[PDB]
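Data block for work.csv (CSV, C-alpha atoms and all ligand atoms):
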```csv
chain,number,residue,atom,x,y,z
A,1,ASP,CA,97.1,-118.6,161.1
A,2,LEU,CA,96.1,-115.2,159.6
A,3,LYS,CA,96.2,-116.8,156.1
A,4,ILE,CA,93.4,-116.9,153.6
A,5,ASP,CA,93.7,-120.7,153.6
A,6,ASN,CA,94.1,-120.9,157.4
A,7,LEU,CA,92.3,-118.0,159.1
A,8,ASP,CA,93.6,-119.3,162.5
S,1,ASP,CA,96.9,-152.0,136.0
S,2,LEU,CA,95.2,-151.5,132.5
S,3,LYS,CA,93.7,-148.2,133.6
S,4,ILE,CA,94.2,-144.8,131.9
S,5,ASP,CA,95.7,-143.5,135.1
S,6,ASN,CA,97.7,-146.6,135.8
S,7,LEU,CA,98.6,-148.4,132.6
S,8,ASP,CA,100.3,-151.2,134.5
M,56,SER,CA,94.3,-124.6,114.6
M,57,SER,CA,95.2,-121.9,117.0
M,58,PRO,CA,92.1,-121.4,119.3
M,59,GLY,CA,92.8,-125.0,120.4
M,60,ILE,CA,96.7,-124.8,120.9
M,61,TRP,CA,98.2,-125.0,124.4
M,62,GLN,CA,101.8,-125.3,125.7
M,63,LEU,CA,102.9,-127.1,128.9
M,64,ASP,CA,105.5,-125.5,131.1
M,65,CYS,CA,107.0,-126.8,134.3
M,66,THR,CA,108.8,-124.6,136.8
M,67,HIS,CA,110.0,-125.1,140.3
M,68,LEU,CA,109.6,-123.3,143.7
M,69,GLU,CA,110.0,-124.2,147.3
M,70,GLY,CA,111.2,-127.7,146.3
M,71,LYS,CA,107.9,-128.3,144.5
M,72,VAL,CA,106.9,-128.3,140.9
M,73,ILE,CA,104.3,-125.9,139.4
M,74,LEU,CA,102.9,-127.3,136.2
M,75,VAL,CA,101.3,-124.8,133.9
M,76,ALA,CA,99.3,-124.9,130.7
M,77,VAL,CA,99.3,-121.8,128.6
M,78,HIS,CA,96.8,-121.1,125.9
M,79,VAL,CA,99.3,-119.8,123.3
M,80,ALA,CA,97.1,-117.3,121.4
M,81,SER,CA,95.8,-115.5,124.6
M,82,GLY,CA,98.4,-116.1,127.3
M,83,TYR,CA,95.6,-117.5,129.6
M,84,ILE,CA,97.0,-120.1,132.0
M,85,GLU,CA,95.9,-123.0,134.3
M,86,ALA,CA,98.4,-124.3,136.8
M,87,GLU,CA,98.8,-126.8,139.8
M,88,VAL,CA,101.4,-127.7,142.4
M,89,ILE,CA,102.6,-131.3,142.4
M,90,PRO,CA,105.5,-132.9,144.4
M,91,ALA,CA,107.3,-133.9,141.2
M,92,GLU,CA,106.6,-134.0,137.4
M,93,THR,CA,105.5,-137.5,136.5
M,94,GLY,CA,103.7,-138.8,133.4
M,95,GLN,CA,100.7,-139.7,135.7
M,96,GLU,CA,100.5,-136.2,137.2
M,97,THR,CA,100.9,-134.6,133.7
M,98,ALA,CA,98.3,-136.9,132.2
M,99,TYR,CA,95.7,-136.0,134.9
M,100,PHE,CA,96.4,-132.3,134.5
M,101,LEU,CA,95.8,-132.6,130.8
M,102,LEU,CA,92.6,-134.6,131.4
M,103,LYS,CA,91.4,-131.8,133.7
M,104,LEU,CA,92.4,-129.1,131.1
M,105,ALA,CA,90.7,-130.7,128.2
M,106,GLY,CA,87.4,-131.2,130.1
M,107,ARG,CA,87.4,-127.4,130.7
M,108,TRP,CA,88.5,-125.9,127.4
M,109,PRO,CA,88.5,-127.2,123.8
M,110,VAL,CA,92.1,-128.5,123.7
M,111,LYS,CA,93.1,-129.5,120.2
M,112,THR,CA,96.9,-129.7,120.5
M,113,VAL,CA,99.3,-129.7,123.4
M,114,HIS,CA,102.9,-128.9,123.0
M,115,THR,CA,104.6,-130.9,125.8
M,116,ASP,CA,107.1,-129.2,128.0
M,117,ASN,CA,109.9,-131.9,127.7
M,118,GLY,CA,110.8,-135.1,126.0
M,119,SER,CA,109.9,-137.3,129.0
M,120,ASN,CA,106.2,-136.1,128.9
M,121,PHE,CA,106.3,-136.4,125.1
M,122,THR,CA,107.5,-140.1,125.4
M,123,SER,CA,105.3,-141.0,128.4
M,124,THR,CA,102.8,-143.6,127.4
M,125,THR,CA,100.5,-142.4,130.3
M,126,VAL,CA,100.6,-138.9,128.9
M,127,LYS,CA,99.9,-140.3,125.3
M,128,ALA,CA,97.0,-142.3,126.8
M,129,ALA,CA,95.4,-139.2,128.3
M,130,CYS,CA,95.8,-137.3,125.1
M,131,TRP,CA,94.2,-140.2,123.2
M,132,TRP,CA,91.4,-140.3,125.7
M,133,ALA,CA,90.7,-136.6,125.6
M,134,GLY,CA,91.2,-136.2,121.9
M,135,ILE,CA,94.3,-134.1,122.1
M,136,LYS,CA,97.1,-134.1,119.5
M,137,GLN,CA,100.2,-134.5,121.5
M,138,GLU,CA,103.2,-132.6,119.9
M,139,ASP,CA,106.7,-131.7,120.9
M,140,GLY,CA,107.6,-128.2,122.3
M,141,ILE,CA,110.7,-127.5,120.1
M,142,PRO,CA,110.9,-123.6,119.9
M,143,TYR,CA,111.1,-123.4,116.1
M,144,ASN,CA,110.2,-119.8,116.8
M,145,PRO,CA,112.9,-118.9,119.3
M,146,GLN,CA,110.5,-116.2,120.6
M,147,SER,CA,108.8,-119.1,122.5
M,148,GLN,CA,111.7,-119.7,124.9
M,149,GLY,CA,111.7,-116.1,125.9
M,150,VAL,CA,107.8,-115.9,126.3
M,151,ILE,CA,107.8,-119.0,128.6
M,152,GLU,CA,110.8,-117.8,130.7
M,153,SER,CA,109.2,-114.3,131.1
M,154,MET,CA,105.9,-116.0,132.0
M,155,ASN,CA,107.6,-118.1,134.7
M,156,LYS,CA,109.4,-115.1,136.1
M,157,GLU,CA,106.1,-113.1,136.2
M,158,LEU,CA,104.3,-115.9,138.0
M,159,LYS,CA,107.0,-116.3,140.5
M,160,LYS,CA,106.9,-112.6,141.1
M,161,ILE,CA,103.2,-112.7,141.8
M,162,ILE,CA,103.6,-115.7,144.0
M,163,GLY,CA,106.0,-113.7,146.1
M,164,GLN,CA,103.7,-110.8,146.3
M,165,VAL,CA,100.9,-113.1,147.7
M,166,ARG,CA,103.0,-115.7,149.3
M,167,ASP,CA,102.4,-114.5,152.8
M,168,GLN,CA,98.5,-114.4,152.5
M,169,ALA,CA,98.7,-118.2,152.0
M,170,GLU,CA,99.9,-120.9,154.3
M,171,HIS,CA,100.3,-123.4,151.4
M,172,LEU,CA,102.0,-122.9,148.1
M,173,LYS,CA,99.1,-124.2,146.2
M,174,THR,CA,96.9,-121.3,147.4
M,175,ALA,CA,99.5,-118.8,146.3
M,176,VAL,CA,99.8,-120.4,142.9
M,177,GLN,CA,96.0,-120.2,142.4
M,178,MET,CA,96.1,-116.6,143.5
M,179,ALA,CA,98.8,-116.0,140.9
M,180,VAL,CA,96.7,-117.7,138.2
M,181,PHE,CA,93.8,-115.5,139.1
M,182,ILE,CA,95.9,-112.3,139.0
M,183,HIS,CA,97.7,-113.3,135.7
M,184,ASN,CA,94.4,-114.2,133.9
M,185,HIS,CA,92.6,-111.0,135.1
M,186,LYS,CA,95.4,-108.6,134.4
M,187,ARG,CA,94.6,-106.1,131.6
M,188,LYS,CA,97.6,-105.6,129.4
M,193,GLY,CA,93.3,-103.3,127.2
M,194,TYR,CA,91.9,-106.8,127.5
M,195,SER,CA,92.9,-109.5,130.0
M,196,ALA,CA,94.1,-113.1,129.0
M,197,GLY,CA,90.7,-114.5,130.3
M,198,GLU,CA,88.9,-112.1,128.0
M,199,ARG,CA,91.2,-112.9,125.0
M,200,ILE,CA,90.7,-116.7,125.4
M,201,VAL,CA,86.8,-116.5,125.5
M,202,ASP,CA,86.9,-114.1,122.5
M,203,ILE,CA,89.1,-116.3,120.5
M,204,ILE,CA,87.2,-119.5,121.1
M,205,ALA,CA,83.8,-117.8,120.6
M,206,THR,CA,85.0,-116.4,117.3
M,207,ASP,CA,86.0,-119.9,116.3
M,208,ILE,CA,82.7,-121.5,117.3
M,209,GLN,CA,80.7,-118.9,115.3
V,57,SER,CA,73.8,-114.2,134.4
V,58,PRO,CA,77.1,-114.7,132.6
V,59,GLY,CA,78.8,-114.6,136.0
V,60,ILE,CA,76.4,-116.8,138.1
V,61,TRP,CA,77.5,-120.2,139.4
V,62,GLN,CA,75.9,-122.7,141.8
V,63,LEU,CA,77.9,-125.1,144.1
V,64,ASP,CA,76.7,-128.7,144.5
V,65,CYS,CA,78.1,-131.5,146.6
V,66,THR,CA,77.4,-135.1,145.9
V,67,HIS,CA,78.8,-138.3,147.4
V,68,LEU,CA,80.2,-141.5,145.8
V,69,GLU,CA,82.5,-144.3,147.1
V,70,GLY,CA,82.6,-142.7,150.5
V,71,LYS,CA,84.1,-139.6,149.0
V,72,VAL,CA,82.7,-136.2,148.1
V,73,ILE,CA,82.5,-134.7,144.7
V,74,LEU,CA,82.2,-130.9,144.7
V,75,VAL,CA,80.8,-129.4,141.6
V,76,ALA,CA,80.4,-125.9,140.4
V,77,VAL,CA,77.7,-125.3,137.7
V,78,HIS,CA,77.5,-122.3,135.5
V,79,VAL,CA,73.8,-121.8,135.7
V,80,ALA,CA,73.1,-120.3,132.3
V,81,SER,CA,75.1,-122.9,130.3
V,82,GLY,CA,75.1,-126.1,132.4
V,83,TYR,CA,79.0,-126.2,132.1
V,84,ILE,CA,80.6,-127.7,135.2
V,85,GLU,CA,84.0,-128.0,137.0
V,86,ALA,CA,84.3,-130.6,139.7
V,87,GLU,CA,86.8,-132.2,142.1
V,88,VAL,CA,87.0,-135.2,144.5
V,89,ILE,CA,87.8,-134.4,148.2
V,90,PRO,CA,87.7,-136.7,151.3
V,91,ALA,CA,85.1,-134.4,152.9
V,92,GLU,CA,83.4,-131.1,152.4
V,93,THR,CA,85.1,-128.5,154.6
V,94,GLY,CA,85.2,-124.7,154.4
V,95,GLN,CA,88.9,-124.8,153.5
V,96,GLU,CA,88.3,-127.3,150.6
V,97,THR,CA,85.3,-125.3,149.3
V,98,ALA,CA,87.3,-122.0,149.6
V,99,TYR,CA,90.2,-123.4,147.6
V,100,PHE,CA,87.9,-124.8,144.9
V,101,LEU,CA,86.2,-121.4,144.5
V,102,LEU,CA,89.6,-119.7,144.3
V,103,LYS,CA,90.5,-122.1,141.5
V,104,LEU,CA,87.2,-121.5,139.7
V,105,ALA,CA,87.4,-117.8,139.9
V,106,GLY,CA,90.9,-117.7,138.4
V,107,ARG,CA,89.6,-119.6,135.4
V,108,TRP,CA,86.2,-118.0,134.6
V,109,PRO,CA,84.7,-114.6,135.5
V,110,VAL,CA,82.8,-115.7,138.6
V,111,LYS,CA,80.5,-112.8,139.8
V,112,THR,CA,78.2,-114.7,142.1
V,113,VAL,CA,78.3,-118.1,143.7
V,114,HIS,CA,75.2,-119.7,145.2
V,115,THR,CA,76.6,-121.9,148.0
V,116,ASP,CA,75.5,-125.5,148.2
V,117,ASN,CA,74.4,-125.4,151.9
V,118,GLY,CA,74.3,-123.2,155.0
V,119,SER,CA,77.7,-124.4,156.4
V,120,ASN,CA,79.5,-123.2,153.3
V,121,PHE,CA,77.5,-120.0,153.4
V,122,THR,CA,78.4,-119.4,157.0
V,123,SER,CA,82.1,-120.5,156.8
V,124,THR,CA,84.4,-117.5,157.3
V,125,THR,CA,87.0,-119.3,155.2
V,126,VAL,CA,84.7,-119.6,152.2
V,127,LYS,CA,83.7,-115.9,152.8
V,128,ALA,CA,87.4,-115.0,152.9
V,129,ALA,CA,88.0,-116.7,149.5
V,130,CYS,CA,84.9,-115.0,148.0
V,131,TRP,CA,86.3,-111.7,149.2
V,132,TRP,CA,89.8,-112.5,147.8
V,133,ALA,CA,88.5,-113.4,144.4
V,134,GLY,CA,85.8,-110.7,144.2
V,135,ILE,CA,82.9,-113.1,144.3
V,136,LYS,CA,79.4,-112.2,145.8
V,137,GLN,CA,78.7,-115.1,148.0
V,138,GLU,CA,74.9,-115.9,148.1
V,139,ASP,CA,72.6,-118.6,149.5
V,140,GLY,CA,71.3,-121.5,147.4
V,141,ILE,CA,67.6,-121.4,148.4
V,142,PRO,CA,65.7,-122.8,145.4
V,143,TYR,CA,63.2,-119.8,145.1
V,144,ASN,CA,62.6,-121.3,141.7
V,145,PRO,CA,61.8,-124.9,142.7
V,146,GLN,CA,63.0,-126.0,139.2
V,147,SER,CA,66.6,-125.5,140.6
V,148,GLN,CA,66.2,-128.5,143.0
V,149,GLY,CA,65.3,-130.8,140.1
V,150,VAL,CA,68.0,-129.5,137.7
V,151,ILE,CA,70.7,-130.2,140.3
V,152,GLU,CA,69.4,-133.6,141.3
V,153,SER,CA,69.2,-134.6,137.6
V,154,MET,CA,72.7,-133.3,137.1
V,155,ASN,CA,74.0,-135.4,139.9
V,156,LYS,CA,72.3,-138.5,138.6
V,157,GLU,CA,73.8,-137.9,135.1
V,158,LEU,CA,77.2,-137.4,136.5
V,159,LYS,CA,77.0,-140.6,138.5
V,160,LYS,CA,75.8,-142.4,135.4
V,161,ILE,CA,78.8,-141.2,133.4
V,162,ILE,CA,81.1,-142.0,136.2
V,163,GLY,CA,79.8,-145.6,136.2
V,164,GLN,CA,80.3,-145.8,132.5
V,165,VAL,CA,84.0,-144.9,132.8
V,166,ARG,CA,84.7,-146.1,136.2
V,167,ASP,CA,86.5,-149.2,135.1
V,168,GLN,CA,88.9,-147.3,132.8
V,169,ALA,CA,90.2,-145.5,135.9
V,170,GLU,CA,92.0,-146.7,138.9
V,171,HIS,CA,91.1,-143.7,141.0
V,172,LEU,CA,87.8,-141.9,141.4
V,173,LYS,CA,89.3,-138.6,140.6
V,174,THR,CA,90.2,-139.7,137.1
V,175,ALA,CA,86.7,-141.0,136.6
V,176,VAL,CA,85.2,-137.7,137.8
V,177,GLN,CA,87.4,-135.7,135.4
V,178,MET,CA,86.4,-138.0,132.5
V,179,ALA,CA,82.8,-137.3,133.5
V,180,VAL,CA,83.4,-133.5,133.5
V,181,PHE,CA,84.9,-133.9,130.0
V,182,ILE,CA,81.9,-135.9,128.7
V,183,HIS,CA,79.3,-133.6,130.3
V,184,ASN,CA,80.9,-130.4,129.0
V,185,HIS,CA,81.4,-131.8,125.5
V,186,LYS,CA,77.9,-133.4,125.1
V,187,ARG,CA,75.8,-131.8,122.3
V,188,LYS,CA,72.3,-131.3,123.7
V,193,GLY,CA,72.8,-128.7,119.2
V,194,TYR,CA,75.5,-126.9,121.1
V,195,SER,CA,77.5,-128.3,124.1
V,196,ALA,CA,77.7,-126.7,127.6
V,197,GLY,CA,81.4,-125.8,126.8
V,198,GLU,CA,80.2,-123.9,123.7
V,199,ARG,CA,77.4,-122.3,125.5
V,200,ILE,CA,79.5,-120.9,128.3
V,201,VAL,CA,82.1,-119.3,126.0
V,202,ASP,CA,79.2,-117.9,123.8
V,203,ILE,CA,77.5,-116.4,126.8
V,204,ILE,CA,80.6,-114.8,128.3
V,205,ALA,CA,81.9,-113.5,124.9
V,206,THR,CA,78.5,-111.9,124.2
V,207,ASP,CA,78.7,-110.2,127.6
V,208,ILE,CA,82.4,-109.0,127.0
V,209,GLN,CA,81.3,-107.5,123.6
A,301,CL,CL,110.4,-133.2,139.1
A,302,CL,CL,81.4,-134.3,154.0
```
Could you rewrite the structure in this file as structure tokens?
Amino acid sequence: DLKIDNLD
Amino acid sequence: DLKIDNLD
Amino acid sequence: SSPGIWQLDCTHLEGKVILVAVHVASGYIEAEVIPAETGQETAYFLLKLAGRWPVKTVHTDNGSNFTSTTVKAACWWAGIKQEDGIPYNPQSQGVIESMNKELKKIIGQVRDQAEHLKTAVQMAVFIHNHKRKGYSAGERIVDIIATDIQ
Amino acid sequence: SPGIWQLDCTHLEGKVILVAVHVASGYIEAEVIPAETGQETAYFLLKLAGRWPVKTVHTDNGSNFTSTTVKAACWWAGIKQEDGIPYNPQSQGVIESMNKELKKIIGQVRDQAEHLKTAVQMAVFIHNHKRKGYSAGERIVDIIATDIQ
């Protein structure tokens, strides 16, 4: 998701 | 419940 | 005995509650996100805090956590003196309010690197504790406690 | 060595207890999670690094070393992520003895707690406050303060 805690 | 985290 | 004194603080964002403990002499903090502020959540947070630093006294954030027999049970278990949070020094209200505003500001500066609020809050704890104001709060708390141990 | 930490993952009651050990003091932080994932390990390292000055983490296995989520958190928090190969074979034994001690303590409290997570935090408290002498909680503050000064 392009987030540190959800790279997807 | 007589437990520290559940006194009931 | 001021190396061991902490203050609880509860603030709200995104319909959730951020519970914070502040080490009064250094301004170091620990924090967590919980869905609402219950005696059980507060008690567990304080058990966590006291296993990690030498917590002598906690000034509770409100009268419900001071009254809570679950919170009193955790403070008995962990050997903490549970006290009220009355700002006998009115400078305490301002310090806590300015702290909450700073943390919310940091949270907004990171909020989009994190899918979940809890990640952003821990990023804000990291930034707050490492900020040099020059020593950082994380250096002040270790200095203060080591000085006490020696 | 003031900034060196080792991850360790042990299992109880069908759940996983993730531990970080500060190698020079033996102080520990730990949590209960339903299973070890890169996301859970990454969040625990972000928590740890906001609370102590974490320079290096030796990961507990090769999946956490490889995980790009764990690498992302170690980048975020400024931690050097390293393997956990026991080049000093004494590391194997120290971690295993630690896990046995924690489970012992957990059994000694387990009946004061409804949930395993409370018992694990009681065990963290007893481990860090135990005088072995000084306690691990005293040792870690001593070591870091000495380094700051
Ligand atoms: Cl609430
Ligand atoms: Cl697992």
Within 10 Å of region 136-151 of chain M using only C-alpha atoms, minus same-chain residues under 2 positions, as a PyMOL selection string: chain M and resi 60+62-66+77+79+82+110-118+120-122+126-131+133-134+153-157
Counting all atoms listed in the file, chain A residues within 7 Å of chain M, as a PyMOL selection string: chain A and resi 3-6
Using all atoms listed in the file, find each protein or nucleic acid residue lying at most 10 Å from ligand CL 301 (chain A); present the set as a list in words. residues 65, 66, 67, 70, 71, 72, 73, 74, 89, 90, 91, 92 and 93 of chain M
Name all residues at most 7 Å from residue 203 (chain V) (count all atoms listed in the file; drop same-chain ones fewer than 4 positions away) and give them as a PyMOL selection string. chain V and resi 58+199+207
Save out the residues we just selected, C-alpha atoms, as a compact mmCIF listing (two decimals), in the coordinates of the input.
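And here is the file that came out, selection-v5.txt:
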```txt
# COMPACT_ATOMS: atom_id res chain seq x y z
CA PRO V 58 77.10 -114.70 132.60
CA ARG V 199 77.40 -122.30 125.50
CA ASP V 207 78.70 -110.20 127.60
```
Could you write out as a count of residues only the residues of chain M within 6 Å of chain V, counting only C-alpha atoms? 8
Collect all residues with atoms no farther than 7 Å from ligand CL 302 (chain A), counting all atoms listed in the file, and output them as JSON, numbers by chain. {"V": [72, 91, 92, 93]}
Keeping only C-alpha atoms, write the selected residues to a file as an mmCIF file, in the frame of the given file.
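Result went into again.cif, see below:
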```cif
data_model
loop_
_atom_site.group_PDB
_atom_site.id
_atom_site.type_symbol
_atom_site.label_atom_id
_atom_site.label_comp_id
_atom_site.auth_asym_id
_atom_site.auth_seq_id
_atom_site.Cartn_x
_atom_site.Cartn_y
_atom_site.Cartn_z
ATOM 1 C CA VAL V 72 82.700 -136.200 148.100
ATOM 2 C CA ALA V 91 85.100 -134.400 152.900
ATOM 3 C CA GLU V 92 83.400 -131.100 152.400
ATOM 4 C CA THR V 93 85.100 -128.500 154.600
#
```
Rank nothing, just name the residue among V:164, V:137, V:124, V:148 nearest to chain A, using all atoms listed in the file.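 The answer is V:124, which sits nearest to chain A.
The coordinates place CA of residue 65 (chain V) at 22.7 Å from CA of residue 167 (chain V).
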Please report the interatomic distance between CA of residue 88 (chain M) and CA of residue 198 (chain M) in Å with one decimal.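 Distance between the two atoms: 24.6 Å.
Counting only C-alpha atoms and comparing M:125, M:119, M:81, M:207, the residue that lies closest to residue 99 (chain M) is M:125.
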Interface rows for chain V against chain S: nearest pair, Å to one decimal, 7 Å, all atoms listed in the file, as CSV:
```
residue,atom,partner,partner_atom,distance
V:168,CA,S:3,CA,4.9
V:169,CA,S:3,CA,5.0
V:170,CA,S:3,CA,5.8
V:174,CA,S:5,CA,7.0
```
If you count only C-alpha atoms, which residues fall within 7 Å of residue 184 (chain M), apart from same-chain ones fewer than 5 positions away, as a PyMOL selection string? (chain M and resi 83-84+195-197) or (chain V and resi 106)
Non-local contacts of residue 60 (chain V) (7 Å; only C-alpha atoms; under 6 positions in same chain excluded) as a list in words: residues 78, 79, 110, 111, 112 and 113 of chain V
Tell me, in Å to one decimal, how far CA of residue 138 (chain V) is from CA of residue 115 (chain V).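 So the answer is 6.2 Å.
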All residues 6 Å or closer to residue 62 (chain V), all atoms listed in the file, same chain fewer than 6 positions away omitted, as a PyMOL selection string: chain V and resi 76-77+113-114
